[PDB]
Amino acid sequence: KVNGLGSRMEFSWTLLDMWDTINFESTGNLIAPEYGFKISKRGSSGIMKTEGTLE
Amino acid sequence: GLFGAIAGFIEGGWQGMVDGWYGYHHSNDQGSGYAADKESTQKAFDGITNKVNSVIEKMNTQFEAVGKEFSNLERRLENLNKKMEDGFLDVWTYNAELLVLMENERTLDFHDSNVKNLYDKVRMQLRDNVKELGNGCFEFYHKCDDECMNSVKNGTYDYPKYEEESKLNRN
Ligand SMILES: *[C@@H]1O[C@H](CO)[C@@H](O[C@@H]2O[C@H](CO)[C@@H](O)[C@H](O)[C@H]2NC(C)=O)[C@H](O)[C@H]1NC(C)=O
């Protein structure tokens with residue numbers, strides 16, 4: 001029991017292409033999304049690992 | 001050091017010579033005078049700046065390591081990444097440092113060569129109207145004005161003017 005739970009939720013993802021249709025169908029256990037994340041600004045960014053804060 | 005002017009036959013520097021890197025000191029009647037050469041010091045400035053600009057212009061590529069994260073099931077991949085980053089790192093360290101060491105040598109040698117070349121310019125200009133003492137100074141066999149002096153420092157010296165005069169005072 002992690003976090004007081006013996007059950008799990010296993011998430012997976014995808015990049016939905018422009019003008020393509022995604023299809024969800026399930027007879028149970030589907031944690032469906034309500035949102036999708038459109039890519040509004042592509043650009044060379046990064047993820048920095050720090051414990052600090054932005055000044 | 002390699003051309004043996006600096007810390008060589010010209011044993012030490014001139015703390016009063018501060019209008020340039022190299023130059024003259026004439027001690028006639030009219031006065032004394034630490035007075036920097038123009039041509040040689042300029043050319044030496046142009047060379048060096050050209051050099052360091054050619055050093056900062058050589059290690060300027062990009063961009064990021066893009067920084068990647070790996071599973072507890074892809075530890076060869078993670079290490080391959082690591083091995084290739086450290087790898088390049090070491091290469092660019094060596095390259096930067098060796099370049100530094102080498103261009104430092106060549107720089108000091110360049111000043112040395114510069115000075116010697118100057119002293120050789122003056123010596124072969126004067127010829128035998130003087131005593132090559134070998135402290136890097138010359139002793140005249142005639143009277144040299146703030147006018148004959150300031151004619152040597154700009155490349156113009158009528159040898160056969162003072163030829164007979166100096167031949168006389170020599171003997
Ligand atoms: C899903 O939606 C998109 C956008 O409406 C559809 O793309 C269009 O398809 C029609 C007919 O196939 C074409 O006339 C248009 O040219 C398409 N739009 C553009 C701008 O490319 C797509 O066909 C739809 N697919 C489904 C599953 O109905």
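Miscellaneous remarks
- Looking at B:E132, B:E74, just one residue is over 25 Å from the mean Cα position of the chain (by Cα) and either farther than 23 Å from B:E11 by Cβ or surrounded by 11 or more Cβ atoms within 10 Å (Cβ to Cβ) (or both), and that residue is B:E74.
- Residue match in the range A:5-17 (condition: out of contact with any helix residue (DSSP H, G or I) (no Cβ under 6 Å at 6 or more places or on another chain), over 27 Å from B:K68 (Cβ atoms) and either within 16 Å of the ligand (Cβ to nearest atom) or part of a loop (DSSP other than H, G, I, E, B) (or both)): yes
- Hits in the range B:153-162 (condition: surrounded by 15 or more Cβ atoms within 10 Å (Cβ to Cβ) and either outside any loop (DSSP other than H, G, I, E, B) or in contact with a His (Cβ under 9 Å, 6 or more places away or on another chain) (or both)): B:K153, B:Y162
- Filter pass, B:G47 being in a loop (DSSP other than H, G, I, E, B) and within 19 Å of B:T107 (Cα to Cα): no
- Residue check for A:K1: closer than 24 Å to B:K68 by Cβ and either surrounded by 10 or more Cβ atoms within 10 Å (Cβ to Cβ) or more than 16 Å from the ligand (Cβ to nearest atom) (or both): no
- A:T27 vs. criteria under 16 Å from the mean Cα position of the chain (by Cα) and of a type in the set (S, T, Y): no
Every residue, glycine as well, gets a Cβ built from its backbone with ideal geometry; the counts of neighbours run over all protein chains shown. The numbers here are math on the coordinates, done by the rules we state, and not lab data.
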